[PDB]
Amino acid sequence: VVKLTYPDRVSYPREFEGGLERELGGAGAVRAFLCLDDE
Amino acid sequence: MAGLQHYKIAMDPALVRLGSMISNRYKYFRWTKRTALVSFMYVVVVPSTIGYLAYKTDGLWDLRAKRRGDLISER
Amino acid sequence: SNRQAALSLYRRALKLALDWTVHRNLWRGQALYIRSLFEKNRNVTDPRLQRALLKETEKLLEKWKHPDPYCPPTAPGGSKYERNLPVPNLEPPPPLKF
Amino acid sequence: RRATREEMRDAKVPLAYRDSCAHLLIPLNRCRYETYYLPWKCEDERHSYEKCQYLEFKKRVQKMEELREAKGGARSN
Amino acid sequence: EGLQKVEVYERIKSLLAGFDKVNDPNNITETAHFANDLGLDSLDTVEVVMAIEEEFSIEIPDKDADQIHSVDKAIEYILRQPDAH
Amino acid sequence: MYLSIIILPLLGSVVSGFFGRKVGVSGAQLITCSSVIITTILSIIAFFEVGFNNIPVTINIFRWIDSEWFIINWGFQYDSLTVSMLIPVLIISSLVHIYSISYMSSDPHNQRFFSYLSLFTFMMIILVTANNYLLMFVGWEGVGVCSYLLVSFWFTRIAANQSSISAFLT
Amino acid sequence: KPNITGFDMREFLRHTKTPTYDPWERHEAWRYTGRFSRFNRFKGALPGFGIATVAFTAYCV
Amino acid sequence: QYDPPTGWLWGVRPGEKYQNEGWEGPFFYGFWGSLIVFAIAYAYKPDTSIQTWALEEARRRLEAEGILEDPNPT
Amino acid sequence: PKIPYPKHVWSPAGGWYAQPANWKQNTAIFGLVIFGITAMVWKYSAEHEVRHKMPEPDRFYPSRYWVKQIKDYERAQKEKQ
Amino acid sequence: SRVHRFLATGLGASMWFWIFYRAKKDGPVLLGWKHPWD
Amino acid sequence: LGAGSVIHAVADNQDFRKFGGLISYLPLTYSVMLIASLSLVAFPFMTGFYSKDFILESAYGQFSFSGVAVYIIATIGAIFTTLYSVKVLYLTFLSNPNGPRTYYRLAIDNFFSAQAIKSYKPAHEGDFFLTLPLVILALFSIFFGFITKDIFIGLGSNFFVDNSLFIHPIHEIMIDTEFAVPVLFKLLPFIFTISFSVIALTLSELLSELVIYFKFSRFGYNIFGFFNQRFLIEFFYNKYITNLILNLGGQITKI
Amino acid sequence: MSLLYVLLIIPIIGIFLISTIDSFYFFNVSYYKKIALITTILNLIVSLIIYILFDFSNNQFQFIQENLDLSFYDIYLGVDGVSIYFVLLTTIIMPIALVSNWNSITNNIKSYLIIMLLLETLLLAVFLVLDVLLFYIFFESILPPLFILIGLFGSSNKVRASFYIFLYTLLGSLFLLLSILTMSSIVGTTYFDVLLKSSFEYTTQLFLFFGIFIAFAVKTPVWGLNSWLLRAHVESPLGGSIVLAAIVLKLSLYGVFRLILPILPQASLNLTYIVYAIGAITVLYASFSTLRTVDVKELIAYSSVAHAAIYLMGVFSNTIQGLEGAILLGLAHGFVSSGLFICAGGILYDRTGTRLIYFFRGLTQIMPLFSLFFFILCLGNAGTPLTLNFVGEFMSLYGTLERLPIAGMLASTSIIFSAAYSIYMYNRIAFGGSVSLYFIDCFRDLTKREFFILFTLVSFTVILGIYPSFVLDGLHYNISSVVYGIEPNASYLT
Ligand SMILES: CCCCCCCCCCCCCCCCCC(=O)OC[C@H](COP(=O)([O-])OCC[N+](C)(C)C)OC(=O)CCCCCCCCCCCCCCCCC
Ligand SMILES: CCCCCCCCCCCCCCCCCC(=O)OC[C@H](COP(=O)(O)OCCN)OC(=O)CCCCCCCCCCCCCCCCC
Ligand SMILES: *P(=O)(O)OCC(C)(C)[C@H](O)C(=O)NCCC(=O)NCCSC(=O)CCCCCCCCCCCCC
C-alpha cells in the first residue's frame, strides 16, 4: 500500500560548491552533488 | 570404593546402571540401514562437502588493502 | 474416581475463567454460570456417561487454555520460587582428608 | 557575503553543512560554544541561521516543482 | 515471626462471614466442619478453598484441598505452609 | 581523571567481592557506591572538558597484542560520543547502587551483588573508552559475563539458570 | 452442535456482567467501596494538575 | 541485623591449625619464590625482540622522507 | 526472617549475613588502599594524556591544574611581549 | 508518611507546568501557526 | 526502579491479573510512572518528545519508499506503545483491587481485635534510598530532554566535529525534516497518542467487556496467544535449533 | 655440561635418590614426594635461568654444546623461540601435576614418582633435540611409562585405556617413522640445520606429508582418531591426565613446526584444504559430542579435542598470526585444561568417588572457592578475553580465515559451542538448584593445596591474557623462518 501511496521528494537535492571533493578526500572518494544528473 | 575414602553418596542404582550402559554401548553397535546411512553422512558426505568448498575457493579472495575500483576476487 | 475428578475439574474451571478475565466483578457473574452447569448434571449416575461427561469438559478446558495462567510467586512456576533455597544439609562435613 | 573554503574549513563547520548559507553558522557555532549550547542564549543568532536555510529551501522547492512538471508529473524518488 | 493461629482464624472467620451459603455466622468456631456445621455443598467447599487460597496468596494442590473438610484443617494447612502471606 | 574513571569501579568491585568478609555488608555498599559516585562526578567534568571545549583525549598505557601488523594497545580515547554515553551509564549506575541499598536489604548475598554491579560498570566503561575494536570487544564480553552473573544471581532457581544460558549463548 | 455438557459460548459471552445476586457479594464488596470508588480512584490520576493550572494562571498575568 | 562472618578456611575447624602435608615448603618458596625472582630479573633483561630493532631502522628510513623529523639533521 | 545457612562454609565475599564487628575500621583501610591506587593512576593519567588542542584560559577546564602537557604549554605561553 | 504526598504532588506540579510553559511559547511553532523566527 | 517498588510493595509479586488499587497506597510510586510513561510515549514538551518525536519526522524527511514505510510501521508501534503504557499505569494504580485483601488493609479501618500492631502489611512504600533515585530520575524525564536538544539536534551543531560520529553530505536529510515535512505528519504521533489513550482508558472501567468478547472469539484467542507467545520465535528456536544440536550431539556420541 | 643437558639430568638424579634413600634411612613416603617435588622445582629454576639468557632474535640454536665425537645416534640439544615456550610449559606443569596427586595415590608411590620424573626427562628431550630421528625417538619413548602409569594407577577401565593409547600412538608413529627414514636416506642426515637447507621434490613432499600427517592426526587427535584420548585422558591418574593433556598433545603441534612447515611447504600449501576439512569437522563434531557427554572428565577431555583442532588449523595458515596464535593457544590450553582436570578429576572425584554429571548440583552453596576458580576456568575454556585462550583463539582463527575463509567461518562457530558446552557444564555442577540431594555427607571446600594449584593455573592464563607479549616477543623472529611465500616487490632485492 505504501509503495502505491508515498510522497515524491518535495525538495531538490542540495548542491555544494565544488562538490566538496577536496574536503571529502579528493577524487578518490565519494563527493556530494555538483551540477550532476537530475534526480 | 576407590583407593582414597570419599564422602558417602546416595549412589542411585538407576543412574549407576545408566552410566554403565553408556560405557558399554560400543559393544552392541550393529550395521543396519539406519546406522550405515548416519555413519556415511557424518564421515564421508559432510566432510567431502567442506573439502569441496575449501578446494574450490582456495585463493578465490584477498582482502588486504583492497580499494574502490579493485575487486576482492583473486582468481 | 469420578468424585475427586469432578471437584478438581470444577476448581480448574473457576481458575481458568478468572485467568482470561482480569476484572473480578465481571468474573463473579462469570462464575455462577460455571456453577450452574454442575447443578444441571448433579443427577447423572450412569458410569458410561459420567466418564464421558468428564472427557468433554477437560477437552473443553484445553479448548480455552490461557497462554500463561496465573501462579502465586512462591508456587511452582512463580517468580520467587526457589529464589534463596537453603543448603539442605546443615550438618558439618565429616572429618576427611583431601 | 559568501564564506569560502579557506576559513570555512578552519571554522570546523560540519561537512554536510558546508553549504551556500554556512556563513551565518560560523558565528552561531561560536555563540553555541560560548553559551554552552543552552537553547535560550543564542536565540538571535539561531533564528538568523534558520532564515538563510529556509530561503534556500524555498528556492529549492520551486526548482523541484519545475522539475516535476518537466517530466509530466512523474515520480522523482 | 511468621503467621500465628489468631491472625489466620480472623481472616478465615471474616471470609466466611461474607458467604450466603453459610447457615449463619454464629455457627463458625475452631472445630467447625463445612459439611454439617455450616451446611455447604461439595461445590460450596471448593469455592471456600479457592477463597482461602486467594486470601493467603498460596496455591493448594488438589490432594490437600480434599484433606481440608474442616475450618480447623484449613487453619493447620495455612500454618504448615511457610510461603503463606 | 581520564584513567581514574576506568579503575575506580574496578577497585570497588574487587574489594567488595574478594573482601566482603573484611568490610562486611555495609562496607561493600559504602565502597561500590562511593567509587561509582566519584567516577560519576569525574565523567560530568569530562563532558565539559571533552564535549564542550572539543578536546579529544588520547591515553595509551601499554601494548596488549603485538603481532607484525596488529598492534592492539590498552589505549583509551575520549571524544564526544564516549562522554555522551558515559553520562547515563554512570548516573543510573550511581542511582542503581543507591537504589539497591534497600531492594537487597533482605538478600543474604549483598556483598556479591554489589561486587557484580561495579564490575559491570567497569566493563561498560571499558567498552566505550577503548580506542580500538579489539579492546572494545573486551568490554563487550565483559558486560556479557557481568550480565550472566547477575541474571543467575539466584543460582538455586532452575528457570533463572536457563535465562543466564540464554543471555550467555544468544 | 450442542455438547453433552450444556456449555454455550453465546450465553457464556452474555453472562459476563455484574450479577444481580451473588453469594460472595458481601465478602467481595470492599473492592468498590468509598476507598476504591470510581471517583476516588480517578481523583488522583493526575496529581499536580490542580496546582499547576492555578500557578499557570497566576503566571499569565 | 547481620551475622558475624563465619566459615572454615581450608576446612580448618576453629579449634586447631592447618596441618602441613610437606608440599608447602617447596611450592611456596621454590616454585612461586623462583617465579618472583625470575620476574625481577625480567625487568633488567635486555630487549632483543626483532620489533624494536626494526622500529629503530624504520624510524631513520622514514626520516629520510618527509613523514618524520630528524632530531639531529645532517 | 533469615534463611538458615551452614556455619562451616568460608566464602571471601563474606557469606550469608556477614558484617564483622570491625567493619567500620576495615572499610576505612580498604578505602585508603583504594584511594592510593587512584592517586597512582591519576598521576599516570596526568603525565600521559595526549591532546592536540589547548583549552582557552577562561573556559572551565579543571584538568589544566594537574596535567603536564597543558601546564608546560601555559607556562611557556605566559612569556609575552 | 506525609513527605511522599508532597513529592508526588510536587513532581506532578513541576510537571503539567513545564508542559503549559512550553505550550505557551513553542505551541505556535509546533502547530505551524507561526514560524520560529517571528 | 519505580516498578521494583511495586513488586516490593505487595508480596514480591509481579502479575498484572492480581494488581489493583494502590493509587493512594503508593502515591509517589504512581507519580514517577506517569512522568516516565509520557516520556516513553513522547508526550509533547517532555524528555522523550525531543528524541522519539524526531526520529519519526526524520523518516518522512528522507523522501523515499523506505523512509515513508518505516514511518507507518513505527507509528503503529508507537500506537501500540501507549496501550501497554496505559496497561501498566491502569492495572496497577487506576483499577479496582484485584489482589488479596492483605495488600489493602489500613490500620485506620478497624479489622483485627488483638493482633493490631502486626498482621496489617498495608502495601507501604519504600524508604529514602528507594525514593531518592525515583525523584532524581523524574527531573531528567522532564527537563533533560529540552536542555540538551541543542547539543544533540540543534540546526548546525558542531558537537561532533572531532569526527566521533560522521554524517556524509549526500546522506543528510535533516534540513527537509524541519521544513519539508508537513505539519499534519509532524503532529500525527501526538494525535494518536492523546486519542488511543482514551479508547484504552474507555475499554477499561467504562466498557470493560468489549475486550473479553474479542478474547473469547476464535479469532481473538489465536491472536492473543500468538502475541503472548512472542510471535513463536522461541518455540521454533527451542525445538528446531536448540534441540537439533542436542540430537546432533546425541547421534555423534551414540552412532 | 650445557644448561639443556642439565634439564635432562636433574629428573634422573631425583629417580636415583628416590630409589636409593631407603638404603640410608622404613623410609616415609613423604620423603619420596618431597624429593620428587624439589627435583621438578630445580628443573623449573634451570628453565627460568635459560629463558633470562635466551636471545629473542637469533637464527642460531642457542645453548648448544659441541659434541664432535660423532656416532650413529648422537643426542644434540638446542633451543630457539619455537621450542623455548614448550620447554617452559613442561617445567611449570609438572610440579603442579605432582602436587595434584599428593594425597590421591596412596600405593606404589615410588613407582608413580619415578614414572612421573622419567616422563619429564623424555618430554623435555622431545622439545630440545636438533635431529628429526632424535625427535621421533623421544616422541615414542614415553609410551611404555605412559602404558604402565595408567595400568598401575588408573580407574576401572584402565586396561582398555592403556592399550588404546599405546596402539594408536605406535600405529600412527610407525607411518611417521617411514616418512622420517625416507628423509634421512635422501639427505643422509636428520640434523635440523642441514635437513631444512634441503629441497624435496613435490611428489616426494606429497608422500612424505601423508606419512607425517597420519601420525600428527592420531596425536592431535583429529575427530574419528580420538578414541584413545577419550579413554586414556579419563582413565588416567590425575597427574597423568594433566601431563597427557597439557604437554603430550603439544608434541604433534611442535612437530608440525620442525617436520613439515620447513621441508614440506608445497605439500602443506596444496593440501591445506584437506587439513582444514578435517579441522573444521573436528571443531563441530567434537563440540556437539561434548555437549552430550555425561562423564565430567570426558567432557573436559573432549574439550581438548575441539581446541586442538583450532591450533591445528592455525599452524597450517602460512601466516605470522596463525602460527603465533597456535603456540599461544597450545600454551593457553595447557594451563586451562590442567585446571579443569584438577577441578573434575581431583576435587569432585576425590569427594564423591564418581564422575557422572547427574550427581552434582548447587556446589556453589557449600564450595564457593571451587566455583570461583571453576568459573574462571570455564570462561577460559570458552575463550573469554583476558585469558590467554582468547588471544590464541583470535590469532589462530584469523589465520585460518585469511588462508581459507570457508574453514575460518566454520572454525569461528566454535566461539558459540565452546561457550555452550563450557557454561552448560558449569551450571549443572556449580549452579542449577541447591546442593544435590544425593550427597549424604556435606562437602568441604578447596583445601589449601587445591586452592594454590588452581590459583597458580588461573594466574598464568590471566597474566598472559593481559600481556601476551611475554610470549610473543620470543616467537616473532623464529616464527618468521617457517613462513612460505614472497611479495611481488620485496622478493629478490638487488
Ligand atoms: C577472565 C577470567 C577472569 C579474570 C578476572 C578474575 C577476577 C578479577 C576481578 C573480578 C571482580 C571481582 C569479582 C568478585 C566476585 C565476588 C567474589 C566471589 O567470587 O564470590 C564467590 C561466590 C560466593 O559469594 P557469597 O558470599 O554469596 O558466598 C556464600 C553464599 N553462597 C555460597 C551460597 C553463594 O560464589 C558465587 O555465588 C558465584 C560463583 C561464581 C563466582 C564468579 C565470580 C566472578 C569471578 C570473576 C569474573 C571475572 C569476569 C571477567 C570478564 C571477562 C571479560 C572479557
Ligand atoms: C635420556 C635417555 C634415558 C635413557 C634411559 C635411562 C634410564 C631411564 C629409566 C629406565 C628404567 C629405570 C628404572 C628406575 C627405577 C629402578 C629403581 C627401583 O628399583 O625402583 C623400584 C620401584 C618401586 O619398587 P619397590 O620400592 O622396590 O617395591 C616396593 C613395594 N611396596 O619400581 C619402579 O620404579 C618401576 C617403575 C615402573 C617402570 C618404569 C616405567 C616404565 C618403563 C618401561 C621400561 C621399558 C622402556 C624403557 C624406557 C626408558 C626411558 C625411555
Ligand atoms: P457435590 O456434592 O455437588 O458433588 C456432586 C457430584 C458433582 C460429585 C455429582 O455426584 C456428579 O454430578 N457426579 C460427578 C460426575 C459428573 O457427572 N459431573 C457432572 C458435572 S462436571 C461435568 O462434566 C460438566 C461440567 C460443566 C461445566 C464446565 C464446562 C467446561 C468449561 C471450560 C471452559 C471454562 C472457561 C472458558
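Can you find even one residue in region L:23-30 that is small (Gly, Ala, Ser), within 14 Å of another protein chain (Cβ to nearest Cβ) and in contact with a helix residue (DSSP H, G or I) (Cβ under 7 Å, 6 or more places away or on another chain)?
No - not one qualifying residue is present in region L:23-30.
Here's the yes/no breakdown for (1) more than 9 Å from every other protein chain (Cβ to nearest Cβ); (2) farther than 26 Å from K:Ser208 by Cα; (3) under 19 Å from the mean Cα position of the chain (by Cα); (4) surrounded by 21 or more Cβ atoms within 10 Å (Cβ to Cβ):
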{"site": "K:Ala9", "(1), (2), (3), (4)": "yes, yes, no, yes"}
{"site": "K:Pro27", "(1), (2), (3), (4)": "no, no, no, yes"}
{"site": "K:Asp53", "(1), (2), (3), (4)": "yes, yes, yes, yes"}
{"site": "K:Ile72", "(1), (2), (3), (4)": "no, yes, no, no"}
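Being in a loop (DSSP other than H, G, I, E, B) and hydrophobic (A, V, I, L, M, F, W, C) is the filter; apply it to region B:41-75 and report the residue that is farthest from L:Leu401 (Cα to Cα).
By that ranking, first place goes to B:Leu71.
Limited to region L:365-381, what total is found for residues that are within 17 Å of L:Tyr421 (Cα to Cα) and facing chain I (nearest Cβ under 10 Å)?
Of the residues in region L:365-381, 1 are within 17 Å of L:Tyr421 (Cα to Cα) and facing chain I (nearest Cβ under 10 Å).
Within the set of pairs 6+ apart or on separate chains, which have a first residue in region C:1-26 that is over 25 Å from K:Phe214 (Cα atoms), a second that is among the basic types (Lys, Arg), and C-beta atoms under 7 Å apart?
Correct list of pairs: C:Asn2/C:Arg51.
Run down L:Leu261, L:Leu329, L:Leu244, L:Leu284 and say which single residue is touching a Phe, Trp or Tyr at 6+ places or on another chain (Cβ under 7 Å) and of a type outside the set (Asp, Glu).
Only one candidate qualifies: L:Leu329.
I'm trying to understand the selection: among the residues of region A:21-39, which are within 12 Å of the chain's Cα centre (by Cα) and either at the interface with chain K (Cβ under 7 Å from one of its Cβ atoms) or surrounded by fewer than 17 Cβ atoms within 10 Å (Cβ to Cβ) (or both)?
Of the residues in region A:21-39, the ones within 12 Å of the chain's Cα centre (by Cα) are A:30-39.
Those that are within 12 Å of the chain's Cα centre (by Cα) and either at the interface with chain K (Cβ under 7 Å from one of its Cβ atoms) or surrounded by fewer than 17 Cβ atoms within 10 Å (Cβ to Cβ) (or both): A:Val30, A:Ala32, A:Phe33, A:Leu34, A:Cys35, A:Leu36, A:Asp37, A:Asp38, A:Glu39.
Which number in (1) within 14 Å of chain F (Cβ to nearest Cβ); (2) touching a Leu at 6+ places or on another chain (Cβ under 6 Å) marks the one condition that K:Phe166 misses?
(2)
So D:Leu67 passes all but one of these: (1) more than 8 Å from every other protein chain (Cβ to nearest Cβ); (2) in a helix (DSSP H, G or I). Which condition number does it fail?
The one condition D:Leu67 does not meet is (1).
Could you check region C:49-70 and list, in sequence order, the residues that are surrounded by fewer than 16 Cβ atoms within 10 Å (Cβ to Cβ) and more than 11 Å from ligand 3 (Cβ to nearest atom)?
C:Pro67, C:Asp68, C:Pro69, listed by residue number.
Here is a list: L:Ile114, L:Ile92. Which entry is hydrophobic (A, V, I, L, M, F, W, C), near ligand 2 (Cβ under 9 Å from one of its atoms) and part of a helix (DSSP H, G or I)?
Every option except L:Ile114 fails the conditions.
I'm trying to understand the selection: among the residues of region F:75-115, which are within 16 Å of ligand 1 (Cβ to nearest atom) and small (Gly, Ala, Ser)?
Answer for region F:75-115, where residues must be within 16 Å of ligand 1 (Cβ to nearest atom) and small (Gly, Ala, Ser): F:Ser93, F:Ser100, F:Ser105, F:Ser106, F:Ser115.
Only one of (1) more than 14 Å from chain K (Cβ to nearest Cβ); (2) assigned to a helix (DSSP H, G or I); (3) out of contact with any helix residue (DSSP H, G or I) (no Cβ under 6 Å at 6 or more places or on another chain) fails for F:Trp74. Which number is that?
Failing condition for F:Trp74: (2).
Kindly list the number of the only condition in (1) within 16 Å of ligand 1 (Cβ to nearest atom); (2) within 14 Å of chain G (Cβ to nearest Cβ) that fails for C:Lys63.
Exception for C:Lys63: condition (1).
Looking at L:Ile486, L:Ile423, L:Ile466, L:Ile453, can you tell me which residue is surrounded by 21 or more Cβ atoms within 10 Å (Cβ to Cβ), at negative phi and more than 7 Å from every other protein chain (Cβ to nearest Cβ)?
L:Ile453
Select from region F:12-64 the residues that are within 19 Å of F:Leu95 (Cα to Cα) and within 9 Å of chain I (Cβ to nearest Cβ) and list them in ascending order.
Correct list: F:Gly12, F:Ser16, F:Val25, F:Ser26, F:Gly27, F:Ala28, F:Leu30, F:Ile31, F:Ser34, F:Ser35, F:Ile38, F:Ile45.
Could you pull out the residue among L:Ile105, L:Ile75, L:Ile150, L:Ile137 that is within 16 Å of ligand 2 (Cβ to nearest atom), within 14 Å of chain H (Cβ to nearest Cβ) and either in a loop (DSSP other than H, G, I, E, B) or farther than 22 Å from L:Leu17 by Cα (or both)?
L:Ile105
With a cut-off of at least 2 residues that are within 14 Å of chain J (Cβ to nearest Cβ) and within 24 Å of K:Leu91 (Cα to Cα), name the helices (runs of 4 or more DSSP H) lying wholly within region K:169-255.
Details: elements: K:174-178, K:183-186, K:188-202, K:210-215, K:218-228, K:243-254.
So the answer is K:188-202.
If C:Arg35 satisfies all but one of (1) near ligand 3 (Cβ under 7 Å from one of its atoms); (2) closer than 28 Å to K:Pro100 by Cα, what's the number of the condition it fails?
So the condition that C:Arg35 fails would be (1).
Looking only at residues that are more than 10 Å from chain K (Cβ to nearest Cβ) and within 15 Å of K:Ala180 (Cβ to Cβ) in region D:32-64, which one is surrounded by the most Cβ atoms within 10 Å (Cβ to Cβ)?
Out of the qualifying residues, it is D:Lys63.
Filter region F:14-42 down to residues that are of a type in the set (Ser, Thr, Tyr) and surrounded by fewer than 20 Cβ atoms within 10 Å (Cβ to Cβ) and give me whichever is nearest to I:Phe35 (Cα to Cα).
Among residues in region F:14-42 that are of a type in the set (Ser, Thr, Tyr) and surrounded by fewer than 20 Cβ atoms within 10 Å (Cβ to Cβ), the one nearest to I:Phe35 (Cα to Cα) is F:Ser34.
Would you check which residues across region J:14-38 are within 11 Å of the chain's Cα centre (by Cα) and either loosely packed, with under 13 Cβ neighbours inside 10 Å or in a loop (DSSP other than H, G, I, E, B) (or both) and list them?
Listed by number, the residues that qualify are J:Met15, J:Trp16, J:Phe17, J:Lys24, J:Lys25.
Can you find a residue in region L:157-166 that is touching a strand residue (DSSP E or B) at 6+ places or on another chain (Cβ under 6 Å) and more than 16 Å from ligand 1 (Cβ to nearest atom)?
No, region L:157-166 contains no residue that is touching a strand residue (DSSP E or B) at 6+ places or on another chain (Cβ under 6 Å) and more than 16 Å from ligand 1 (Cβ to nearest atom).
Out of H:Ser49, H:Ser34, I need the residue that is closer than 30 Å to C:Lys97 by Cα, among the polar types (S, T, N, Q), surrounded by 10 or more Cβ atoms within 10 Å (Cβ to Cβ) and more than 14 Å from chain I (Cβ to nearest Cβ). Which one? Even if it seems obvious, please write down each step before you answer.
Values: H:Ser49 fails: closer than 30 Å to C:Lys97 by Cα.
Matching residue, one of H:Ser49, H:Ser34: H:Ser34.
Please work out if F:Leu86 is in contact with a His (Cβ under 7 Å, 6 or more places away or on another chain), within 14 Å of chain K (Cβ to nearest Cβ) and more than 16 Å from ligand 3 (Cβ to nearest atom).
Here the answer is no, as F:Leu86 does not meet what is asked.
So which residues in region L:471-483 are under 28 Å from F:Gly142 (Cβ atoms) and at the interface with chain H (Cβ under 8 Å from one of its Cβ atoms), if there are any at all?
Scanning region L:471-483 gives a single hit, L:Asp473.
Conditions (1) within 16 Å of ligand 3 (Cβ to nearest atom); (2) in contact with a helix residue (DSSP H, G or I) (Cβ under 8 Å, 6 or more places away or on another chain); (3) outside any loop (DSSP other than H, G, I, E, B), marked per residue:
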site: L:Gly14; (1), (2), (3): no, yes, yes
site: L:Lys33; (1), (2), (3): no, yes, yes
site: L:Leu48; (1), (2), (3): no, yes, yes
site: L:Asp55; (1), (2), (3): no, no, no
site: L:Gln60; (1), (2), (3): no, no, no
site: L:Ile64; (1), (2), (3): no, yes, no
site: L:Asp69; (1), (2), (3): no, no, no
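Any read-out appearing in this document is the output of simple, stated calculations on the displayed coordinates, not a laboratory observation. Neighbour counts run over all protein chains shown; Cβ positions are idealised from the backbone, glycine included.
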